[PDB]
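Enquirer: Chains from the complex, first installment, not repositioned:
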Amino acid sequence: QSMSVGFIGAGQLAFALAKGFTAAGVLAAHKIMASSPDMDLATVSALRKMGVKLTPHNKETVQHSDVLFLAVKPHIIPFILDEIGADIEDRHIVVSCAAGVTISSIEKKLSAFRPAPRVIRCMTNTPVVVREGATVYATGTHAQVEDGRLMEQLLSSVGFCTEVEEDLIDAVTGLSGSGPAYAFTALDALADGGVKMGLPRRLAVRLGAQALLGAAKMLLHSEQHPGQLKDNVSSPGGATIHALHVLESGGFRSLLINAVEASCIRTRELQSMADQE
Amino acid sequence: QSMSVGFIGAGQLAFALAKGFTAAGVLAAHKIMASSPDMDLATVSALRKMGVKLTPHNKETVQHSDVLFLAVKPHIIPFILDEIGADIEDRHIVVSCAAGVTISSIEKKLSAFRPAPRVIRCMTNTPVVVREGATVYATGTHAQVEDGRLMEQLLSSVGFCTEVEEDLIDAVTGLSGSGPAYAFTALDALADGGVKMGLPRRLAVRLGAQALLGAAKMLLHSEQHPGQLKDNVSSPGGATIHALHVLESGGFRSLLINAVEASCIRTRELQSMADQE
């Protein structure tokens, strides 16, 4: 309750998490501060109306915060760590949200200034903004047991959250981190299919999104295999099995596997370049 | 509250709706009766444990019911209507859930026995079982205004529900009716992609489903275009835009359009055969 939260970066992810946290009630907007070198951002304007404290100065965010989220682009992380490293205290829990960036790389930058930085790495996604996020976290070398439990409590307020080994996170990034983009592409296309068959666009968007929401919820609430739930939809000779055939004829399943793989491979490739630098 | 509901048919759709209605609290299990010529069905066993009254005799379902759902396969509908047509009373609201079957065809069969049958046609989907269904309905020639409002009240308890013109329903069937099957295929494949990149299968299923649920919820709660929400996920040069490219290279969008179209075309084709018979 006395917990103060800070965001280095004031972009899409910082907005989504601050919106989710405040809607969840687990944090008052006034306990949150975010910093950015650009206050002319739509997300900065939104955070202001929410009641989040804003500043150009990353040092002010550090000084206000107990839990410090790093919500900048991955290549900005080392610059950020050099800038505020001398201002980290024993009270701080540093939570990196950046795609690809390793706990090792973060702990090495911070340890030059003060031993035993408490670091947690997470991967989440934009649906935390409607409290339906998918989040994983890995705890660092000096994180205490209460640090992981605190972070799971906080991130569970805005969706699914579980601890993982760090070597799983790049793959999670390709699945649930990039996942919403696959869904939005799919929903746009399903709506176009509805329009082609005679539905108004607004209705098609609503129906397609509601269908995907409900099916996903069924699977999360069921112990059955997704193929069994699929079997339950189709009648023999019917419309649904005819539609499933044309998906299969296009290699639909393989394209989704291709996407998760391509995201994960790019994440690893980018971090290799960072480590080489 | 005094309303009694009956299901002709005791299969996947009847279970899903009865489960959703009772979980919603809008109906007590004991106000529901369902009939089937086969009590050795898993769905019949499930309905029994819920507290739903079961019978082999469709006439008993009619006699108990105020609202009567037709939840049999489309080709069974005319047989069903011939069987119980003499038992429909002025109190009855007949709600056909059957894919493709027209209000005209139903009103013609029932009108031979008694004038002015009150008929509503709906299309829904299995996620009503977790109260996240997508339902549309069209009112028949003799349905009263309170009949449509009653049905929207009832079906809104288990998900989205809106009135449509009947000529939209076959297209809705290809989008949200068959939709859950597209989602389950997609979730199975996304999980395989997670497994390929090193995630345990149970975790990949959970993450993929949670990602699709959250993205769908974002779109339902946003006024923004799905392409804008997609743009918000990707950073320049990043993992997500790399993954979106490989989806595009496979014609991912076109496959989903193909599916909605194929389902809708099959539905129309099947009903043409029924009308020819």
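Expert: All right, it came through fine. Numbering: from 1, shown residues only, chains lettered A, B, ... in the order given.
Enquirer: Tell me what angle the helix or strand containing residue A:257 forms with helix B:252-276.
Expert: Using DSSP states H and E, residue A:257 maps to helix A:252-276. Counting by axes from the mean of the first three to the mean of the last three Cα atoms, to 10 degrees, helix A:252-276 lies at 170 degrees to helix B:252-276.
Enquirer: Count the neighbours of residue A:237 for me.
Expert: Other residues within reach of residue A:237, judged by other Cβ atoms under 10 Å in any protein chain shown, total 11. Where C-beta positions appear, they are placed from N, C-alpha and C, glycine not excepted.
Enquirer: State the distance from it to residue B:79.
Expert: 17 Å (Cβ to Cβ, to the nearest Å).
Enquirer: and what of residue A:21?
Expert: Distance from residue A:21 to residue B:79, by Cβ to Cβ: 57 Å.
Enquirer: How about the contacts made by the residue in the stretch 151-277 of chain A that chain B sits nearest to?
Expert: Across the stretch 151-277 of chain A, the shortest distance to chain B (Cβ to the nearest Cβ) belongs to residue A:214, at 2.6 Å. Each residue near residue A:214 by Cβ atoms under 8 Å, 6 or more residues apart in numbering or on different chains is listed here: B:125, B:126, B:127, B:128, B:130, B:132, B:133, B:134, B:159, B:180.
Enquirer: Touching, the last one and residue A:233? I think so.
Expert: Yes - with the criterion set as Cβ atoms under 8 Å, residue B:180 and residue A:233 qualify as a contacting pair; they are 5.4 Å apart.
Enquirer: what do the two both touch?
Expert: Taking Cβ under 8 Å, 6+ apart as the contact rule, residue B:180 and residue A:233 both touch B:125, B:126.
Enquirer: Validate this expectation: residue A:210 resides in a strand.
Expert: No - membership of residue A:210 in a strand is not supported by DSSP: H, G, I helix; E, B strand; the rest coil, which gives helix.
Enquirer: add chain C to the structure above, sequence below:
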Amino acid sequence: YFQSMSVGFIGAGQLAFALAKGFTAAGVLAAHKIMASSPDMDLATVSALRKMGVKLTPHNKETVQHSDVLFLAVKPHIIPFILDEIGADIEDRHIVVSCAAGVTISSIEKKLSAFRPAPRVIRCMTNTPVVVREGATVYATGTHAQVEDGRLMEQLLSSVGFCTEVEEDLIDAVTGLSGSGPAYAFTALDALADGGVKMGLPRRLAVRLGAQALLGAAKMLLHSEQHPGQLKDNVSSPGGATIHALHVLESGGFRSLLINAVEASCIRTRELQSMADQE
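Expert: Chain C goes in next, on the same frame as the chains above:
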């Protein structure tokens, strides 16, 4: 009982051989209580039937007079000529079992009813694995088949594999799945063997391992209540070799090709029978 039943095959080809070998291997019938007829004795199937001890004759009337249960095992377009030829020889005691793809009970009963009013007709679809008593058989009973006729036919065909009664309107689809099925399987086993050879296995070992793998997986599914996707999930470890191989199957639309096959077989069956009904 069963060994006292006389069985006849009109047609002495691949299906008659497969069934006669299955029945005799099962011990339900003595080979010499089977008679088969063909206008062509220079077939390999006739020679094999002869070596088993089946009675062979060129005269379909002899097969009819010999038999109690009479299997029609000729090509579908031959059935109406067969029915014209021996229809007058069908007796009240006969059970007539059509194995021909596509041919309807109605077409058979219309021919035979011109001779006697209540011909007992059963239609079945089976497959060549009856030869190792692992066939997949369905049957539908005709207008005049007694309840005991269906029970007898199920007992007989269960001796050489799986057997269940179905409505007749399912049989063309069954034909595209389990009737044509063994050919899809032999194609797949030939290709899996080539895959083993490409990766360095001797052909003989690759053939045996591929066939054992498919047999064991199919038996697993038949003995499990789990979805095939779940059994599939259990084979793969994260990042491992099996999931990499499943991806390249998916990239080629592997699933859609098998759906295409069942559909193509069933559509061709319906199309041929429509030409027969037109003729």
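Enquirer: now with chain C: the neighbour count of residue A:237?
Expert: 12.
Enquirer: roughly how far apart are the residue nearest to it when sequence neighbours are not counted and residue B:170?
Expert: Distances taken as Cβ to Cβ, 6 or more residues apart in numbering or on different chains put residue B:270 closest to residue A:237, at 7.8 Å, once the chain neighbours are dropped. According to Cβ to Cβ, residue B:270 stands 10 Å off from residue B:170.
Enquirer: shared neighbours, the two?
Expert: By Cβ under 8 Å, 6+ apart, residue B:270 and residue B:170 have these common neighbours: residue B:100.
Enquirer: the more surrounded of those two?
Expert: For residue B:270 and residue B:170, the more surrounded residue by other Cβ under 10 Å is residue B:170, and the numbers stand at 24 against 21.
Enquirer: So which residues of chain A form helices?
Expert: A:12-24, A:42-50, A:58-64, A:77-84, A:103-111, A:145-156, A:169-172, A:179-196, A:201-221, A:226-233, A:239-249, A:252-276 (DSSP state H).
Enquirer: Using a markdown table, lay out those together with distance to residue A:92.
Expert: Formatted as a markdown table, these follow (distance: least, Cβ to Cβ, whole Å):
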| stretch | distance to residue A:92 |
| --- | --- |
| helix A:12-24 | 17 |
| helix A:42-50 | 21 |
| helix A:58-64 | 7 |
| helix A:77-84 | 10 |
| helix A:103-111 | 9 |
| helix A:145-156 | 10 |
| helix A:169-172 | 21 |
| helix A:179-196 | 30 |
| helix A:201-221 | 34 |
| helix A:226-233 | 42 |
| helix A:239-249 | 49 |
| helix A:252-276 | 23 |
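Enquirer: Could you say which one of those helices comes nearest to residue B:107?
Expert: helix A:239-249 (23.1 Å; Cβ to Cβ).
Enquirer: what angle do that closest one and helix C:241-251 make?
Expert: 110 degrees.
Enquirer: build in chain D:
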Amino acid sequence: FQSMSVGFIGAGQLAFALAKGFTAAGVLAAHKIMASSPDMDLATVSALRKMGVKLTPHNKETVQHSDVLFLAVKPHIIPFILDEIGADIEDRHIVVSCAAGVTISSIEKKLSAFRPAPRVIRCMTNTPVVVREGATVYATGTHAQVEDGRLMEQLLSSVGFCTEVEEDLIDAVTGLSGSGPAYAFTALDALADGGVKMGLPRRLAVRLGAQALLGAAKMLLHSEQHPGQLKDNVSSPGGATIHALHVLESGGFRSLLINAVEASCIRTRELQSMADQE
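Expert: Chain D, in position alongside the others:
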């Protein structure tokens, strides 16, 4: 062999499958079997419990209980396991590695640091051992005695086909019969969807497709004829089956199965190459 104690290090899919097959075969009483795992909250551990298999978290307990010791852990866990119990391997032990890709030489090098001449056998099997129709190959290590191989072949023949091979074939066998059940399950799911599309109930389509594949596989195993000849026997000229074969050929059906065996084998070799660099 009633004087034989079998142990599993690992209590996952493969250990369950083998234990269920051995016990169903009657060659082992379930109480003569011990399995270890650091995680007792697995579905496979509960199933092993109900069978009457002894469970323990301690790999050393499994080693002390067992004469034949199956390594049923993921390949990257093998070197850790060997470090943990290498000092407990006795002369009596036969160590049977089931792990994909892991070489006899790598196992022998680990165990030899503790006691010379470890008796090592490498095998590749598959999950259908659970219905006693597995396909297993094995290779004997440097110090395996002649009777060690014969004993293993007797034990593994009780749950399916089993033959000795040169070790350099095992990665390819892994891509064919090791991964093979997954190809079949994919095919059976798809064939069932095909049956449903043409009007069959799903339960019936699943049963018929599985029976068709089982019977055709048995036909081939029992026949001296080429699979092409058995295929030819199914088709009549102009008929339904040859029409269906054509659409398989037009999609390169054969090439996809070759692709799968190749992709599995290449990945196995790639993974072990990384293990050997580490």
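Enquirer: once more on the nearest residue to residue A:237, this time with chain D?
Expert: Per Cβ to Cβ, 6+ apart, closest to residue A:237 is residue D:199, 4.3 Å.
Enquirer: Report how many residues lie close to the one you found.
Expert: When neighbours are counted by other Cβ under 10 Å, residue D:199 registers 20.
Enquirer: how about it, what does it touch?
Expert: So residue D:199 contacts A:236, A:237, C:169, C:170, C:173 (Cβ under 8 Å, 6+ apart).
Enquirer: how far does stretch A:97-111 sit from the chain's center?
Expert: 17 Å (Cα atoms, centre = their mean, to the nearest Å).
Enquirer: Quote the end-to-end distance of that stretch.
Expert: Its first and final residues considered, stretch A:97-111 spans 19 Å by Cα to Cα, to the nearest Å.
Enquirer: Could you do stretch A:128-148 as well?
Expert: 19 Å.
Enquirer: can you check stretch A:228-247 too?
Expert: Using Cα to Cα, first and last residues of stretch A:228-247 are 17 Å apart.
Enquirer: For it, what is the distance to the chain centroid?
Expert: Distance, centroid of stretch A:228-247 to centroid of chain: 33 Å (Cα atoms, centre = their mean).
Enquirer: do the same with stretch A:2-12
Expert: For stretch A:2-12, the distance to the chain centre is 14 Å (Cα atoms, centre = their mean).
Enquirer: distance from the centroid: which residue in chain A tops it?
Expert: residue A:237 (41.0 Å; Cα atoms, centre = their mean).
Enquirer: Can you report phi and psi for it?
Expert: When quoted as degrees, to the nearest 10, the phi and psi of residue A:237 stand at phi 70, psi 0.
Enquirer: So what would you say the end-to-end distance of stretch A:122-136 is?
Expert: End-to-end distance of stretch A:122-136 (Cα to Cα): 6 Å.
Enquirer: now swap in stretch A:48-61 and tell me
Expert: Start-to-end, stretch A:48-61 (Cα to Cα) is 15 Å.
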